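**Q** Pasting the sequence and an experimental structure:
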Amino acid sequence: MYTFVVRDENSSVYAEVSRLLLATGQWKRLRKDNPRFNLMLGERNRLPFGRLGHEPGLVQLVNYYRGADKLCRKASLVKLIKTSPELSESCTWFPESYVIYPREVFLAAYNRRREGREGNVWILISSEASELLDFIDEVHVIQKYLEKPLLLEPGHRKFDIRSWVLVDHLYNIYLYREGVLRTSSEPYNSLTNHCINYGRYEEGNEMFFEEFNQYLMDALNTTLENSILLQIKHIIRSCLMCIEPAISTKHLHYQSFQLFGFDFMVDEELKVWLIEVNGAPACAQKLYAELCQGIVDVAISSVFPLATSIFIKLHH
Amino acid sequence: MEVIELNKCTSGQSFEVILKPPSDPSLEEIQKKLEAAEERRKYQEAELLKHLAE
Amino acid sequence: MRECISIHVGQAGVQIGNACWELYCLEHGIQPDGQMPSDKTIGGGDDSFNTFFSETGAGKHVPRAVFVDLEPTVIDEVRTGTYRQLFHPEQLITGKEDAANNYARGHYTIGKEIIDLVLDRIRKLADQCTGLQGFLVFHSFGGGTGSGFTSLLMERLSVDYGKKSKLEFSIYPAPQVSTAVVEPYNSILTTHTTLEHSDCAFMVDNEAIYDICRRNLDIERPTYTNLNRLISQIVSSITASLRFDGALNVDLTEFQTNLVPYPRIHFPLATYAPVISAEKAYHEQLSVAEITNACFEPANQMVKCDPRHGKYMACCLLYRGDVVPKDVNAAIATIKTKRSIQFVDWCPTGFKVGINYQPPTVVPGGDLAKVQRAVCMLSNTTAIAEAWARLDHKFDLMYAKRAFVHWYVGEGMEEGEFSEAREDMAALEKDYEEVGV
Amino acid sequence: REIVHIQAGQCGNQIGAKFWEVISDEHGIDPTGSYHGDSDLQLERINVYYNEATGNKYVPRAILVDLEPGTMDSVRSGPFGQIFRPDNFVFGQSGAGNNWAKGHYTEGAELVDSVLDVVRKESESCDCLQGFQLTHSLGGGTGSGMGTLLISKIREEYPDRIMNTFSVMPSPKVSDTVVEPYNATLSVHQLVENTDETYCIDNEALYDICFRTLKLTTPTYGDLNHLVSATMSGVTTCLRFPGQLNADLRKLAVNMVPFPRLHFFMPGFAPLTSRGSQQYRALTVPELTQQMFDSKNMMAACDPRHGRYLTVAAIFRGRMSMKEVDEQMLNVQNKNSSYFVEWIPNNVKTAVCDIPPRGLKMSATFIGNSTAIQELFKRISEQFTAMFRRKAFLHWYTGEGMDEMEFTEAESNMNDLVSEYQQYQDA
Ligand SMILES: Nc1nc2c(ncn2[C@@H]2O[C@H](COP(=O)(O)OP(=O)(O)OP(=O)(O)O)[C@@H](O)[C@H]2O)c(=O)[nH]1
Ligand SMILES: COc1cc(-c2nccc3[nH]c(-c4cccc5c4ccn5C)nc23)cc(OC)c1OC
Ligand SMILES: Nc1ncnc2c1ncn2[C@@H]1O[C@H](COP(=O)(O)OP(=O)(O)CP(=O)(O)O)[C@@H](O)[C@H]1O
Ligand SMILES: Nc1nc2c(ncn2[C@@H]2O[C@H](COP(=O)(O)OP(=O)(O)O)[C@@H](O)[C@H]2O)c(=O)[nH]1
Ligand SMILES: [Ca+2]
Ligand SMILES: [Mg+2]
Ligand SMILES: [Mg+2]
């Protein structure tokens, strides 16, 4: 029997996972503060990483990577990309982004394109620097709004892509084969959060990958793999590998795995851009069972065994 | 980077290497605390002996 | 030449001191009888080793050391051991019945009956010192004696020698080798009462020594002897600068200067490589670079914690054996590229290096093999606060119920002292968290 | 660090005799008091229970106490009768008639100072006396009433020493008289307040073990006492043989008793051994560890699954791998972490001793401070109230000076004890 503890009751994903682990009959859930756990589905905030891996006779795993927040908070993510050499200063796949605290770097580059007539619409989206900058004072990230998003028809709709990525204790990088396409139901006028019509063109403003592949073929004469997914695999891999020496638990007294959500926007020229990385992502309702079983298979049961895969290994 | 203040001798050497620059109670009070604990201990002992006398 | 006095308190202190003084005697070529032929200056001197030994008219070299246990069983083995002639009887002070794992019995009740005698033997040592610089105090956090009588002794030394440095070698409690359920209580209490009295403290988590023994020495069930021989290697690394020629960490003041910029944050992490089994038949000798790089693996630290998620305020490397500066700076330049080493903005990202050409000395019939080169790193990283968080959480679990509290109150203590010590610890964790994020 | 042993009453003296028999065979001391064994280990801590006499003879530090002469004449006639210091037989003549009042207020008051004189004369010749050990039942009169009187006196004279009792609890299955629930309840009031550790040996449990487990159809008191003496040797192994721990009464108390009145331990033994029946297959360490935590091996009839362990101490005896013992112990705690309180971290201590008990190559003794012990006290409380609500059999006590009030107070204190144990069962 294995033992495990839940300490984030909001996590839909790890609710799923704890239910699966229970229904294997080889896992038992403990009281939230029993230290004698094999596995910690831990909190989102102030997770007590200094307490793991000090229980004699207990292999401990946790579903978060200490340090990963530096990829999953807008300001720190931008910082990391600019400052780290693996990301090469201005790499090709991040929008121009700046940290301004509620300024000098923003003006120097932005006024060049305000003078050069090239579209100067950074992002709460405005074109006058003062209008949004002074408004933010009422930390924020100032990013270039890609004014040429990809046209999606019928409907002329803007969209974003979420891919779910699992990093296991060995630092394998697994991309879930099913990604999601969060569509905007209303057309675009020269924000796609499902939290903000809905349902006209496809169920719940969620377009899946088989469907989006067929659209890309029929409309644009290409494959999802070739046009978009290669760039997505390149970005996921470059990001996770920049921070590997800072977060890897290879020689540690406890072990980390973590599920990440990578958010991309594709422009009109079929180039892929990284919006944000999320450390606590929510799966799509159709995909919950499959992805959560995959977590159990490759992150949890790989360490705590019992007695074709749904992931692509991004090789490093 | 920059190696500084190297000192040698027949047992070894020492040096610094730099890579980046930067951006009480008295005896009186002790005896007071200890004796207060003493009085508390002797008082509890007396409460015991009183209970036993009852 | 300024003298240093060693004080070993309770069982852990006494047995670790044993291990250290035997190692020191092997290192300085001093025999089990107190004779050092190496010493041509007969009867005295002001040599570096004289920091730790005094000389008699009969050529006997005598530890500037006092052993102090509230019960006689352990110090009596010191009295009938291989090194019986080494110590003058007065140096070995023993009580009669112990502190029963109770901080308050060791501090208050049994403590006050022996504190004055200890202080007078310590003054008998101090009066044979031309220029005392301070004391090295060896003790456990979790014992009754090591906890309570140590904090009492520390307060008194502060008053009798207010100008002398005091360094701690402190054993942090680990359930694998544990002796009492209340050890978190004793730990918090003694830390809170000793803090302002202690200039630099080297913490040793019995968990870390234990796993090091099992993993790197292939010993399934480490005894105290294994743990203490290894511990004395690290201690000797840390004190060799006081017993030998060099320019780095030459007095106890320089330990605070180089390692402790803030007085409260005075717990430097020790890391030590290589720990290689004497039973390993074929062993490949590790390079300067391999052992320097081992210094940034947690599995070699005296306390398991993750320095990547903290900041550095200081960093020393003490090498012993075949080492040369060019190889050290080469290893450092390699490591900075590949590892997460962040300092505080108000400190220099730099390393203070100290090299002693003579390889680490090993006790014959031990578990450690000879190596051509070893290193002991002393880093003041905020990540050591992980130990405090652990301790404090355990303390909180018990204290929420006042479990065992009555044992303390029953020796004269007040519940208030518990809450006071815990608030001090919470402060300490907050200071660490501020410096480190 | 010497211990002074004291056995009082019929039951007191029988289990005590069996204890001294057992550990005297362990330490290689014959009935004439001479050492005829094969290891220095057997003497390294012989001072804890024996004094040295002329000619290198060993004499138990044991005071034998009764209000009747019968049982103690039986002890003298017994196989190890001659090993006891004759001066240390202190007896009255009238008896206590299974009556707590007689033991505590009338017949035992006459005798108690004489007992205390023999105590004193054993303490004065003790380099550093840790404390006292009492064996007695709680359902009769001498052991119950006079034993608790003695415990109160001794606490008066030696307030800073450890008081330790092995206390047989009464049960209707093994019952001499209907007034045992009275004698026990009065007794528990005393034990709650003047002892640091009390091993709750329940006669019910001993009977069930003898019946169900050892397949003895009609168990005597001798069989029940074989079990008690096994458990007592096991519990005291660490005082009597040297280990990594360097064991003593006070540190055991500190480590076992989070709250002063909750100091009543469930003992257990494994493997369960019938008298004389030889055990040919030694047990594996997993086996000792599963059995030792089995309810069928508990000497107090409580179901440990009905409560939570506050603290646990376990003692393994024999040549075995300490690695495997740690593995299995950690194993039990981690597989049943529900039944161990989480607000006392690392609340299970394990010691080992190389020397095994006579007859076995592998054995394990268990000392549990579980809240489930409330069951035992509840049982006595029920039996008590069933009579007391009709003031039945009270004349035996009021005739000796006692008043109904003292009974109501005793009942009330025990019900309080049950409430505390319950309080921490849900914390
Ligand atoms: N590393 C190491 N730890 C030890 C040694 N001896 C005891 N300990 C640890 O010390 C802690 C308990 O402190 P002790 O020194 O044994 O207690 P004490 O100072 O002798 O205090 P009392 O006996 O209670 O009066 C436990 O956590 C043990 O793990 C030792 O020789 N080496
Ligand atoms: C007098 O007899 C004995 C004494 C000792 C003992 N002696 C010295 C220090 C100790 N620390 C702990 C000890 C340490 C940590 C947790 C503990 C204990 C005890 C119970 N929990 C939960 N136990 C100790 C041990 C014995 O059995 C394990 C024993 O036999 C019954
Ligand atoms: N440079 C850019 N060009 C085009 N759209 C952009 C953009 N930067 C952000 N967006 C849009 O902003 C929307 C929401 O902003 P953002 O990426 O900061 O949070 P999010 O989409 O990941 C949801 P949440 O913040 O709740 O996790 C995205 O759906 C995306 O369409
Ligand atoms: N296990 C065991 N229990 C006993 C023995 N003798 C008596 N008892 C129990 O002790 C109680 C009677 O106490 P007893 O010692 O005979 O009374 P006392 O001698 O006047 O103090 C009853 O509950 C009996 O079941 C014995 O030899 N072994
Ligand atoms: Ca000299
Ligand atoms: Mg001790
Ligand atoms: Mg009878």
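**A** Sure, I can see it. Residues are numbered from 1 along each chain as shown, chains lettered A, B, ... in the order given. Ligands and ions are numbered 1, 2, ... in the order given.
**Q** and residue A:52, what does it touch?
**A** By C-beta atoms under 8 Å, 6 or more residues apart in numbering or on different chains, the contact set of residue A:52 is A:40, A:60, A:62, A:253-254. The C-beta positions use only the backbone N, C-alpha and C, and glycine is treated the same way.
**Q** Need the nearest residue in space to it, chain neighbours excluded.
**A** residue A:254 (3.7 Å; C-beta to C-beta, 6 or more residues apart in numbering or on different chains).
**Q** does the one you found really touch residue A:53, like I thought?
**A** Yes. Here residue A:254 reaches residue A:53: they are 3.1 Å apart, a contact under C-beta atoms under 8 Å.
**Q** where do the contact lists of the two overlap?
**A** residue A:60.
**Q** which residues does residue A:279 contact?
**A** A:44, A:64, A:68-69, A:71-72, A:258, A:260.
**Q** Which pair in those has the greatest spatial separation?
**A** A:44 and A:71 (15.0 Å; C-beta to C-beta).
**Q** Those two: which is more packed in?
**A** More neighbours surround residue A:71 than the other of residue A:44 and residue A:71, with 22 against 12 (other C-beta atoms under 10 Å in any protein chain shown).
**Q** Surely that one touches residue A:80?
**A** Yes. Using C-beta under 8 Å, residue A:71 is in contact with residue A:80, at 6.5 Å.
**Q** intersection of neighbour lists for those two?
**A** residue A:243.
**Q** Identify all contacting residues around the helix or strand where residue D:269 lies.
**A** Per DSSP states H and E, residue D:269 falls inside strand D:264-270. For strand D:264-270, the surrounding residues in contact (C-beta under 8 Å, 6+ apart) are D:191, D:197-201, D:227, D:230-231, D:234-235, D:256, D:283, D:288, D:291-294, D:297-300, D:302, D:304, D:363-370, D:372-373.
**Q** burial of the closest residue to residue C:388 other than its chain neighbours, as a residue count?
**A** Distances taken as C-beta to C-beta, 6+ apart put residue C:429 closest to residue C:388, at 5.5 Å, once the chain neighbours are dropped. By the measure other C-beta under 10 Å, the count of residues near residue C:429 is 16.
**Q** got it, and residue C:124?
**A** Neighbour tally, residue C:124, other C-beta under 10 Å: 13.
**Q** wait, it sits on residue C:90?
**A** Yes. Using C-beta under 8 Å, residue C:124 is in contact with residue C:90, at 6.7 Å.
**Q** returning to what we had before: and the two most separated of the contacts of residue A:52?
**A** Longest span within the contacts of residue A:52, C-beta to C-beta: A:40 and A:253, 13.6 Å.
**Q** Centre of the chain to the one helix or strand residue B:28 maps to, how far?
**A** Using DSSP H and E, residue B:28 sits in helix B:27-53. Relative to its parent chain, helix B:27-53 has a centroid offset of 25 Å by C-alpha atoms, centre = their mean, to the nearest Å.
**Q** Mind listing residues that contact stretch C:21-28?
**A** C:6, C:30-32, C:36, C:38, C:49, C:52-53, C:61, C:63, C:65, C:82-83, C:86, C:229, C:232-233, C:235-236, C:240, C:243, C:361, C:363.
**Q** Now that stretch: buried residues?
**A** C:21-28 (16 or more other C-beta atoms under 10 Å in any protein chain shown).
**Q** Need these in CSV (columns: distance to ligand 6).
**A** Formatted as CSV, those follow (distance: C-beta to the ion, whole Å):
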residue, distance to ligand 6
C:21, 19
C:22, 21
C:23, 23
C:24, 24
C:25, 25
C:26, 27
C:27, 28
C:28, 30
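**Q** So residue C:137 sits against residue C:153, correct?
**A** Yes. In terms of C-beta under 8 Å, residue C:137 counts as a neighbour of residue C:153; the distance is 7.3 Å.
**Q** Please list the residues of chain B that sit near chain C.
**A** Those residues of chain B that sit near chain C, judged by C-beta under 8 Å from any C-beta of the partner chain, are B:1, B:3, B:5-7, B:9-27, B:30, B:34, B:36-38, B:40-41, B:44.
**Q** Let's see that with 7 Å instead.
**A** B:3, B:7, B:9, B:11-27, B:30, B:34, B:37-38, B:40-41, B:44 (C-beta under 7 Å from any C-beta of the partner chain).
**Q** go on, the stretch 151-300 of chain A?
**A** Checking the stretch 151-300 of chain A against chain C by C-beta under 7 Å from any C-beta, the hits are A:245-246, A:251-253.
**Q** most centrally placed residue in chain B?
**A** residue B:24 (10.5 Å; C-alpha atoms, centre = their mean).
**Q** quick one: it from residue C:159, how far?
**A** 8 Å (C-beta to C-beta, to the nearest Å).
**Q** Give me the buried positions along the helix or strand containing residue C:336.
**A** Using DSSP H and E, the element containing residue C:336 is helix C:325-338. Within helix C:325-338, the residues that count as buried by 16+ other C-beta under 10 Å are C:325, C:327-329, C:331-332, C:335.
**Q** Now do the closest residue to residue C:279 other than its chain neighbours: how many residues are near it, please.
**A** Spatial nearest neighbour of residue C:279, chain neighbours left out: residue C:218 (6.8 Å); criterion: C-beta to C-beta, 6+ apart. Other residues within reach of residue C:218, judged by other C-beta under 10 Å, total 11.
**Q** quick one on the thing from earlier: give me the residues contacting the helix holding residue C:336.
**A** Contacts with helix C:325-338, where a contact means C-beta atoms under 7 Å, 6 or more residues apart in numbering or on different chains, come from A:245, B:3, B:13, B:15, B:17, B:19, C:288-289, C:292-293, C:296, C:317, C:351, C:353.
**Q** For the one residue in the stretch 101-250 of chain A that gets nearest to ligand 1, which residues are in contact?
**A** Ranked by C-beta to the nearest ligand atom, the top residue of the stretch 101-250 of chain A for proximity to ligand 1 is residue A:249, at 27.1 Å. Taking C-beta under 7 Å, 6+ apart, we find residue A:249 in contact with A:169, A:255-256.
**Q** same question, residue D:334
**A** So residue D:334 contacts A:3, A:36, A:57-58 (C-beta under 7 Å, 6+ apart).
**Q** Export those to JSON lines and append columns for secondary structure, distance to residue D:355 and neighbour count.
**A** Converted to JSON lines, the contacts of residue D:334 look like this (DSSP: H, G, I helix; E, B strand; the rest coil; distance: C-beta to C-beta, whole Å; neighbours: other C-beta atoms under 10 Å in any protein chain shown):
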{"residue": "A:3", "secondary structure": "strand", "distance to residue D:355": "36", "neighbour count": "18"}
{"residue": "A:36", "secondary structure": "coil", "distance to residue D:355": "33", "neighbour count": "22"}
{"residue": "A:57", "secondary structure": "coil", "distance to residue D:355": "27", "neighbour count": "14"}
{"residue": "A:58", "secondary structure": "coil", "distance to residue D:355": "32", "neighbour count": "17"}
